[PDB]
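The next block is protein_22.txt, given as compact mmCIF, C-alpha atoms and all ligand atoms.
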```txt
# COMPACT_ATOMS: atom_id res chain seq x y z
CA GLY A 1 32.86 -53.79 41.69
CA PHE A 2 31.31 -50.48 42.77
CA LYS A 3 33.40 -50.37 46.01
CA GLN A 4 36.65 -50.96 44.02
CA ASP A 5 35.62 -48.23 41.56
CA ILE A 6 35.41 -45.79 44.45
CA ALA A 7 39.00 -46.67 45.41
CA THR A 8 40.05 -46.26 41.75
CA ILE A 9 38.43 -42.80 41.35
CA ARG A 10 39.72 -41.68 44.80
CA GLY A 11 43.20 -42.88 43.88
CA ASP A 12 43.44 -40.34 41.06
CA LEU A 13 40.57 -37.99 41.96
CA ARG A 14 41.70 -34.89 40.04
CA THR A 15 42.26 -36.78 36.80
CA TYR A 16 38.96 -38.77 36.80
CA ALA A 17 36.98 -35.79 38.13
CA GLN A 18 38.19 -33.61 35.23
CA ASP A 19 38.02 -36.29 32.56
CA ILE A 20 34.46 -37.25 33.56
CA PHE A 21 33.16 -33.70 33.96
CA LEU A 22 34.56 -32.75 30.55
CA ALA A 23 32.96 -35.88 29.06
CA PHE A 24 29.67 -34.59 30.58
CA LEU A 25 30.01 -31.00 29.21
CA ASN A 26 31.12 -32.38 25.84
CA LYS A 27 28.34 -34.97 25.49
CA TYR A 28 25.76 -32.40 26.71
CA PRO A 29 27.06 -28.95 25.66
CA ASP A 30 23.95 -26.94 26.74
CA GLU A 31 25.00 -27.88 30.36
CA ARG A 32 28.03 -25.56 30.09
CA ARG A 33 25.51 -22.74 30.65
CA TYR A 34 25.34 -23.52 34.44
CA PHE A 35 29.08 -22.86 34.49
CA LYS A 36 29.55 -19.24 33.19
CA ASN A 37 33.33 -19.20 33.66
CA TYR A 38 33.87 -22.30 31.46
CA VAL A 39 32.09 -20.79 28.41
CA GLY A 40 34.48 -20.46 25.46
CA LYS A 41 37.43 -22.49 26.73
CA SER A 42 39.18 -25.66 25.54
CA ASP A 43 39.71 -28.80 27.64
CA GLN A 44 43.36 -27.79 28.12
CA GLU A 45 42.51 -24.13 28.78
CA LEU A 46 40.16 -25.21 31.60
CA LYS A 47 42.82 -27.46 33.24
CA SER A 48 44.82 -24.28 34.12
CA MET A 49 41.97 -22.29 35.58
CA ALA A 50 42.31 -22.73 39.35
CA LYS A 51 38.58 -23.09 40.14
CA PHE A 52 38.00 -25.77 37.43
CA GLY A 53 40.28 -28.32 39.13
CA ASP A 54 39.04 -27.15 42.56
CA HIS A 55 35.38 -27.49 41.49
CA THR A 56 35.69 -30.85 39.70
CA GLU A 57 37.64 -32.42 42.55
CA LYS A 58 35.13 -31.22 45.16
CA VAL A 59 32.15 -32.43 43.13
CA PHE A 60 33.62 -35.92 42.72
CA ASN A 61 34.88 -36.08 46.26
CA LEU A 62 31.27 -35.49 47.43
CA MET A 63 29.89 -37.89 44.78
CA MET A 64 32.39 -40.51 46.04
CA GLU A 65 31.31 -39.94 49.62
CA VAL A 66 27.70 -40.37 48.67
CA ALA A 67 28.65 -43.47 46.69
CA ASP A 68 30.42 -44.84 49.79
CA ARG A 69 27.53 -44.32 52.25
CA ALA A 70 25.12 -45.98 49.80
CA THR A 71 23.94 -49.54 50.38
CA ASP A 72 23.62 -51.72 47.27
CA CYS A 73 23.85 -48.53 45.14
CA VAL A 74 21.01 -46.92 47.11
CA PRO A 75 22.05 -43.49 48.46
CA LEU A 76 21.07 -42.10 51.83
CA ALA A 77 17.99 -39.89 51.78
CA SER A 78 19.95 -37.22 53.66
CA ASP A 79 22.72 -37.20 51.01
CA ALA A 80 20.06 -36.77 48.32
CA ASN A 81 18.68 -34.00 50.56
CA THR A 82 22.02 -32.14 50.63
CA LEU A 83 22.22 -32.22 46.83
CA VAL A 84 18.76 -30.64 46.50
CA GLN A 85 19.17 -27.98 49.18
CA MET A 86 22.63 -26.68 48.16
CA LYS A 87 22.56 -23.06 46.93
CA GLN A 88 24.58 -23.99 43.81
CA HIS A 89 21.85 -26.46 42.77
CA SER A 90 18.69 -24.33 43.21
CA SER A 91 18.21 -24.10 39.41
CA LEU A 92 18.69 -27.85 38.74
CA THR A 93 16.29 -30.60 37.76
CA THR A 94 16.87 -34.36 38.02
CA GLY A 95 17.39 -34.27 34.23
CA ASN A 96 20.74 -32.57 34.82
CA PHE A 97 21.93 -35.44 37.03
CA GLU A 98 20.58 -38.09 34.66
CA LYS A 99 22.91 -36.52 32.07
CA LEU A 100 25.97 -36.48 34.30
CA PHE A 101 25.47 -40.21 35.04
CA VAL A 102 24.83 -41.15 31.42
CA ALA A 103 28.08 -39.35 30.55
CA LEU A 104 29.77 -41.01 33.59
CA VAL A 105 28.67 -44.54 32.62
CA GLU A 106 29.63 -43.87 28.94
CA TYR A 107 33.08 -42.78 30.16
CA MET A 108 33.50 -45.99 32.19
CA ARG A 109 32.49 -48.25 29.25
CA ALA A 110 34.86 -46.40 26.90
CA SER A 111 37.84 -46.67 29.22
CA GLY A 112 39.88 -49.88 29.08
CA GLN A 113 39.04 -50.21 32.76
CA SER A 114 37.00 -52.81 34.59
CA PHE A 115 34.59 -50.35 36.16
CA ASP A 116 31.28 -51.84 37.27
CA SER A 117 29.39 -49.49 34.89
CA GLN A 118 26.08 -51.28 35.44
CA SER A 119 26.48 -50.43 39.16
CA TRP A 120 27.20 -46.75 38.34
CA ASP A 121 24.14 -46.91 36.11
CA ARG A 122 22.03 -48.20 39.03
CA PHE A 123 23.55 -45.64 41.38
CA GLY A 124 22.71 -42.72 39.05
CA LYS A 125 19.12 -43.96 38.65
CA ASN A 126 18.74 -44.47 42.42
CA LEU A 127 20.30 -41.04 43.11
CA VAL A 128 17.77 -39.44 40.63
CA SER A 129 14.82 -41.30 42.24
CA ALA A 130 16.06 -40.10 45.67
CA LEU A 131 16.54 -36.54 44.43
CA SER A 132 12.87 -36.41 43.43
CA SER A 133 11.57 -38.07 46.66
CA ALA A 134 13.61 -35.34 48.33
CA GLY A 135 11.89 -32.57 46.39
CA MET A 136 13.90 -31.76 43.24
CA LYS A 137 11.87 -30.88 40.07
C1 LIG A 201 26.25 -36.32 42.34
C2 LIG A 201 26.55 -35.32 41.52
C3 LIG A 201 26.93 -33.90 42.03
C4 LIG A 201 27.61 -33.57 43.14
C5 LIG A 201 28.18 -34.54 44.19
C6 LIG A 201 27.73 -32.13 43.18
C7 LIG A 201 28.33 -31.37 44.17
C8 LIG A 201 28.70 -30.04 44.09
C9 LIG A 201 29.69 -29.40 44.95
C10 LIG A 201 30.43 -30.13 46.10
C11 LIG A 201 29.80 -28.11 44.57
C12 LIG A 201 30.71 -27.01 45.19
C13 LIG A 201 32.20 -27.16 44.85
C14 LIG A 201 33.03 -26.14 45.63
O1 LIG A 201 32.72 -25.85 46.82
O2 LIG A 201 34.03 -25.62 45.06
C15 LIG A 201 28.89 -27.91 43.45
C16 LIG A 201 28.67 -26.73 42.77
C17 LIG A 201 27.97 -26.60 41.58
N1 LIG A 201 27.18 -27.59 40.96
FE1 LIG A 201 27.09 -29.56 41.53
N2 LIG A 201 27.07 -31.62 42.07
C18 LIG A 201 26.58 -32.67 41.34
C19 LIG A 201 25.88 -32.55 40.17
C20 LIG A 201 25.66 -31.38 39.48
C21 LIG A 201 25.00 -31.28 38.19
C22 LIG A 201 24.46 -32.51 37.42
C23 LIG A 201 24.99 -29.99 37.82
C24 LIG A 201 24.41 -29.36 36.53
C25 LIG A 201 24.29 -30.09 35.42
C26 LIG A 201 25.64 -29.23 38.88
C27 LIG A 201 25.81 -27.86 38.91
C28 LIG A 201 26.63 -27.14 39.77
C29 LIG A 201 27.04 -25.77 39.56
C30 LIG A 201 26.66 -24.86 38.38
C31 LIG A 201 27.92 -25.41 40.76
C32 LIG A 201 28.62 -24.05 41.02
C33 LIG A 201 30.13 -24.20 40.83
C34 LIG A 201 30.78 -24.02 42.18
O3 LIG A 201 30.10 -23.61 43.18
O4 LIG A 201 32.01 -24.29 42.27
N3 LIG A 201 26.03 -30.10 39.87
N4 LIG A 201 28.22 -29.10 43.20
XE XE A 202 28.70 -31.72 37.51
XE XE A 203 25.63 -34.98 49.79
```
Since I need it in another form, could you write the structure as structure tokens?
Amino acid sequence: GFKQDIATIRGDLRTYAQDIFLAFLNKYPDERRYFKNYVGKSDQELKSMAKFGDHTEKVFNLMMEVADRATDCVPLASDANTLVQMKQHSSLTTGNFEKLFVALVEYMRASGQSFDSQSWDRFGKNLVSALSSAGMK
């Protein structure tokens, strides 16, 4: 279930964080624009830029932490609050997160792995509802 999936992702954080982020950029290519330094580079070319692996791992670490403090896939208001008020996210709308989670759920379903994708679906939706209640456009 969702709790096992957190263990799974944590177990190989770097690999899942890169594979899922690239699935996101690839499914929704106009999102690359928020990441100036990843414009014009292949999947393999990005995996040797130091900040790409740093960034992806830190994003999914934090995502995993938020996932963990959630109850029944409902995130803490204060976690939602940190995602709105972070400098890096000032330009973002909830539409951006919707996309990440649609790419994340699509990744899970495509893997041969028994992820609880429905639960990740719910979590993404609940995180988007909480981002808005917390003030994100
Ligand atoms: C739950 C999902 C997300 C989490 C947990 C998250 C978290 C983070 C974290 C932790 C960083 C800083 C990494 C570091 O210190 O090196 C970051 C930066 C950033 N985020 Fe997110 N984010 C999420 C979703 C998104 C989405 C959906 C977008 C746009 C589509 C986005 C855009 C950015 C950009 C452009 C940066 C700047 C890169 C950097 O500072 O390294 N984030 N985010
Ligand atoms: Xe992201
Ligand atoms: Xe957070």
Neighbouring residues of ligand XE 202 (chain A) are defined here as those with any atom at most 7 Å from a ligand atom, counting only C-alpha atoms and all ligand atoms; list them as a PDB file with C-alpha atoms, in the frame of the given file.
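For reference, pocket_4.pdb as written:
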```pdb
ATOM      1  CA  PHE A  21      33.160 -33.700  33.960  1.00  0.00           C
ATOM      2  CA  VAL A  59      32.150 -32.430  43.130  1.00  0.00           C
ATOM      3  CA  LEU A 100      25.970 -36.480  34.300  1.00  0.00           C
TER       4      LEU A 100
END
```
Neighbourhood of ligand LIG 201 (chain A) at 10 Å, counting all atoms listed in the file, reported as a ChimeraX atom specification:
/A:21,24-25,28,30-37,51-67,79-80,82-84,86-101,123-124,127-128,131
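Across the model, the gap from atom CA of residue 126 of chain A to atom CA of residue 74 of chain A is 5.8 Å.
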Segment 1-10 of chain A: axis-aligned bounding box, 8 Å on each side, centre and edge lengths in Å, one decimal, as JSON:
```
{"center_x": 35.7, "center_y": -47.7, "center_z": 43.7, "size_x": 24.7, "size_y": 28.1, "size_z": 20.7}
```
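Restricting the calculation to all atoms listed in the file, the smallest distance between residue 6 of chain A and any of A:18, A:78, A:26, A:119 is found for A:119.
Between ligand XE 203 (chain A) and the candidates A:103, A:22, A:77, A:17, the tightest atom-to-atom separation, counting only C-alpha atoms and all ligand atoms, involves A:77.
Atom pair atom CA of residue 7 of chain A / atom CA of residue 115 of chain A: separated by 10.9 Å.
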Write out as a JSON list (two decimals) with C-alpha atoms, keeping the file's coordinate frame which residues come within 12 Å of residue 113 of chain A when counting all atoms listed in the file, dropping same-chain ones fewer than 2 positions away.
```json
[["chain", "number", "residue", "atom", "x", "y", "z"],
["A", 1, "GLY", "CA", 32.86, -53.79, 41.69],
["A", 4, "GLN", "CA", 36.65, -50.96, 44.02],
["A", 5, "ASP", "CA", 35.62, -48.23, 41.56],
["A", 8, "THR", "CA", 40.05, -46.26, 41.75],
["A", 9, "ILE", "CA", 38.43, -42.80, 41.35],
["A", 105, "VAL", "CA", 28.67, -44.54, 32.62],
["A", 106, "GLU", "CA", 29.63, -43.87, 28.94],
["A", 107, "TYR", "CA", 33.08, -42.78, 30.16],
["A", 108, "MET", "CA", 33.50, -45.99, 32.19],
["A", 109, "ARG", "CA", 32.49, -48.25, 29.25],
["A", 110, "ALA", "CA", 34.86, -46.40, 26.90],
["A", 111, "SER", "CA", 37.84, -46.67, 29.22],
["A", 115, "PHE", "CA", 34.59, -50.35, 36.16],
["A", 116, "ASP", "CA", 31.28, -51.84, 37.27],
["A", 117, "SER", "CA", 29.39, -49.49, 34.89]]
```
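Shortest separation to ligand XE 203 (chain A) among A:104, A:76, A:23, A:134 occurs at residue A:76, atoms counted being only C-alpha atoms and all ligand atoms.
The spacing separating atom CA of residue 114 of chain A from atom CA of residue 16 of chain A amounts to 14.3 Å.
Distances from A:3, A:69, A:14, A:27 to ligand XE 203 (chain A) were compared using all atoms listed in the file, and the smallest one belongs to A:69.
With only C-alpha atoms as the atoms that count, the residue of A:41, A:136, A:73, A:85 with the shortest distance to residue 122 of chain A is A:73.
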With distances taken over all atoms listed in the file, the candidate from A:29, A:75, A:112, A:135 nearest ligand XE 203 (chain A) is A:75
Because the input lacks atoms here, generate N, CA, C and O atoms for segment 108-133 of chain A and report them as a PDB file, in the frame of the given file.
```
ATOM      1  N   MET A 108      33.018 -44.708  31.637  1.00  0.00           N
ATOM      2  CA  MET A 108      33.500 -45.990  32.190  1.00  0.00           C
ATOM      3  C   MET A 108      33.602 -47.087  31.113  1.00  0.00           C
ATOM      4  O   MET A 108      34.650 -47.730  30.984  1.00  0.00           O
ATOM      5  N   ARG A 109      32.539 -47.244  30.323  1.00  0.00           N
ATOM      6  CA  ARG A 109      32.490 -48.250  29.250  1.00  0.00           C
ATOM      7  C   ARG A 109      33.531 -48.017  28.160  1.00  0.00           C
ATOM      8  O   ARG A 109      34.025 -48.962  27.558  1.00  0.00           O
ATOM      9  N   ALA A 110      33.876 -46.754  27.918  1.00  0.00           N
ATOM     10  CA  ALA A 110      34.860 -46.400  26.900  1.00  0.00           C
ATOM     11  C   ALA A 110      36.293 -46.571  27.391  1.00  0.00           C
ATOM     12  O   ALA A 110      37.216 -46.819  26.591  1.00  0.00           O
ATOM     13  N   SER A 111      36.506 -46.437  28.696  1.00  0.00           N
ATOM     14  CA  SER A 111      37.840 -46.670  29.220  1.00  0.00           C
ATOM     15  C   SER A 111      38.198 -48.163  29.021  1.00  0.00           C
ATOM     16  O   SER A 111      37.326 -49.018  28.826  1.00  0.00           O
ATOM     17  N   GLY A 112      39.482 -48.471  29.085  1.00  0.00           N
ATOM     18  CA  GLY A 112      39.880 -49.880  29.080  1.00  0.00           C
ATOM     19  C   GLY A 112      39.784 -50.481  30.478  1.00  0.00           C
ATOM     20  O   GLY A 112      40.411 -51.501  30.767  1.00  0.00           O
ATOM     21  N   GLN A 113      38.996 -49.856  31.351  1.00  0.00           N
ATOM     22  CA  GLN A 113      39.040 -50.210  32.760  1.00  0.00           C
ATOM     23  C   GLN A 113      37.830 -50.996  33.218  1.00  0.00           C
ATOM     24  O   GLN A 113      36.703 -50.757  32.755  1.00  0.00           O
ATOM     25  N   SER A 114      38.066 -51.944  34.126  1.00  0.00           N
ATOM     26  CA  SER A 114      37.000 -52.810  34.590  1.00  0.00           C
ATOM     27  C   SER A 114      36.158 -52.142  35.701  1.00  0.00           C
ATOM     28  O   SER A 114      35.965 -52.705  36.783  1.00  0.00           O
ATOM     29  N   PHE A 115      35.670 -50.936  35.396  1.00  0.00           N
ATOM     30  CA  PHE A 115      34.590 -50.350  36.160  1.00  0.00           C
ATOM     31  C   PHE A 115      33.331 -51.221  36.091  1.00  0.00           C
ATOM     32  O   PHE A 115      33.026 -51.845  35.054  1.00  0.00           O
ATOM     33  N   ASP A 116      32.597 -51.230  37.199  1.00  0.00           N
ATOM     34  CA  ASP A 116      31.280 -51.840  37.270  1.00  0.00           C
ATOM     35  C   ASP A 116      30.259 -50.801  36.810  1.00  0.00           C
ATOM     36  O   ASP A 116      29.539 -50.199  37.632  1.00  0.00           O
ATOM     37  N   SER A 117      30.227 -50.566  35.488  1.00  0.00           N
ATOM     38  CA  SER A 117      29.390 -49.490  34.890  1.00  0.00           C
ATOM     39  C   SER A 117      27.884 -49.694  35.123  1.00  0.00           C
ATOM     40  O   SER A 117      27.141 -48.736  35.369  1.00  0.00           O
ATOM     41  N   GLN A 118      27.441 -50.945  35.066  1.00  0.00           N
ATOM     42  CA  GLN A 118      26.080 -51.280  35.440  1.00  0.00           C
ATOM     43  C   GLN A 118      25.746 -50.737  36.828  1.00  0.00           C
ATOM     44  O   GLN A 118      24.693 -50.142  37.019  1.00  0.00           O
ATOM     45  N   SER A 119      26.658 -50.953  37.792  1.00  0.00           N
ATOM     46  CA  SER A 119      26.480 -50.430  39.160  1.00  0.00           C
ATOM     47  C   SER A 119      26.411 -48.901  39.221  1.00  0.00           C
ATOM     48  O   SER A 119      25.600 -48.366  39.983  1.00  0.00           O
ATOM     49  N   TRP A 120      27.256 -48.214  38.441  1.00  0.00           N
ATOM     50  CA  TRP A 120      27.200 -46.750  38.340  1.00  0.00           C
ATOM     51  C   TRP A 120      25.914 -46.302  37.693  1.00  0.00           C
ATOM     52  O   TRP A 120      25.315 -45.284  38.102  1.00  0.00           O
ATOM     53  N   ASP A 121      25.461 -47.103  36.730  1.00  0.00           N
ATOM     54  CA  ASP A 121      24.140 -46.910  36.110  1.00  0.00           C
ATOM     55  C   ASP A 121      23.043 -46.932  37.175  1.00  0.00           C
ATOM     56  O   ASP A 121      22.301 -45.950  37.343  1.00  0.00           O
ATOM     57  N   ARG A 122      22.969 -48.030  37.917  1.00  0.00           N
ATOM     58  CA  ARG A 122      22.030 -48.200  39.030  1.00  0.00           C
ATOM     59  C   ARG A 122      22.108 -47.059  40.036  1.00  0.00           C
ATOM     60  O   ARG A 122      21.087 -46.527  40.506  1.00  0.00           O
ATOM     61  N   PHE A 123      23.342 -46.697  40.388  1.00  0.00           N
ATOM     62  CA  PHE A 123      23.550 -45.640  41.380  1.00  0.00           C
ATOM     63  C   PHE A 123      22.966 -44.316  40.919  1.00  0.00           C
ATOM     64  O   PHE A 123      22.251 -43.670  41.674  1.00  0.00           O
ATOM     65  N   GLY A 124      23.225 -43.953  39.655  1.00  0.00           N
ATOM     66  CA  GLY A 124      22.710 -42.720  39.050  1.00  0.00           C
ATOM     67  C   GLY A 124      21.199 -42.685  39.063  1.00  0.00           C
ATOM     68  O   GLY A 124      20.601 -41.679  39.473  1.00  0.00           O
ATOM     69  N   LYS A 125      20.583 -43.790  38.622  1.00  0.00           N
ATOM     70  CA  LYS A 125      19.120 -43.960  38.650  1.00  0.00           C
ATOM     71  C   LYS A 125      18.535 -43.831  40.065  1.00  0.00           C
ATOM     72  O   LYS A 125      17.610 -43.048  40.294  1.00  0.00           O
ATOM     73  N   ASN A 126      19.113 -44.570  41.013  1.00  0.00           N
ATOM     74  CA  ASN A 126      18.740 -44.470  42.420  1.00  0.00           C
ATOM     75  C   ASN A 126      18.962 -43.090  43.037  1.00  0.00           C
ATOM     76  O   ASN A 126      18.123 -42.619  43.820  1.00  0.00           O
ATOM     77  N   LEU A 127      20.075 -42.436  42.684  1.00  0.00           N
ATOM     78  CA  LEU A 127      20.300 -41.040  43.110  1.00  0.00           C
ATOM     79  C   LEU A 127      19.237 -40.083  42.537  1.00  0.00           C
ATOM     80  O   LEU A 127      18.778 -39.202  43.254  1.00  0.00           O
ATOM     81  N   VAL A 128      18.836 -40.266  41.268  1.00  0.00           N
ATOM     82  CA  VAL A 128      17.770 -39.440  40.630  1.00  0.00           C
ATOM     83  C   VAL A 128      16.379 -39.681  41.268  1.00  0.00           C
ATOM     84  O   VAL A 128      15.612 -38.735  41.496  1.00  0.00           O
ATOM     85  N   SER A 129      16.054 -40.948  41.529  1.00  0.00           N
ATOM     86  CA  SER A 129      14.820 -41.300  42.240  1.00  0.00           C
ATOM     87  C   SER A 129      14.803 -40.664  43.641  1.00  0.00           C
ATOM     88  O   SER A 129      13.796 -40.113  44.057  1.00  0.00           O
ATOM     89  N   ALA A 130      15.938 -40.713  44.341  1.00  0.00           N
ATOM     90  CA  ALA A 130      16.060 -40.100  45.670  1.00  0.00           C
ATOM     91  C   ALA A 130      16.052 -38.590  45.601  1.00  0.00           C
ATOM     92  O   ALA A 130      15.582 -37.939  46.532  1.00  0.00           O
ATOM     93  N   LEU A 131      16.567 -38.007  44.521  1.00  0.00           N
ATOM     94  CA  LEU A 131      16.540 -36.540  44.430  1.00  0.00           C
ATOM     95  C   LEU A 131      15.097 -36.022  44.331  1.00  0.00           C
ATOM     96  O   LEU A 131      14.756 -34.983  44.915  1.00  0.00           O
ATOM     97  N   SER A 132      14.268 -36.780  43.617  1.00  0.00           N
ATOM     98  CA  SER A 132      12.870 -36.410  43.430  1.00  0.00           C
ATOM     99  C   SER A 132      12.085 -36.595  44.732  1.00  0.00           C
ATOM    100  O   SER A 132      11.438 -35.645  45.181  1.00  0.00           O
ATOM    101  N   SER A 133      12.172 -37.789  45.344  1.00  0.00           N
ATOM    102  CA  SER A 133      11.570 -38.070  46.660  1.00  0.00           C
ATOM    103  C   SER A 133      11.973 -37.025  47.692  1.00  0.00           C
ATOM    104  O   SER A 133      11.301 -36.849  48.707  1.00  0.00           O
TER     105      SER A 133
END
```
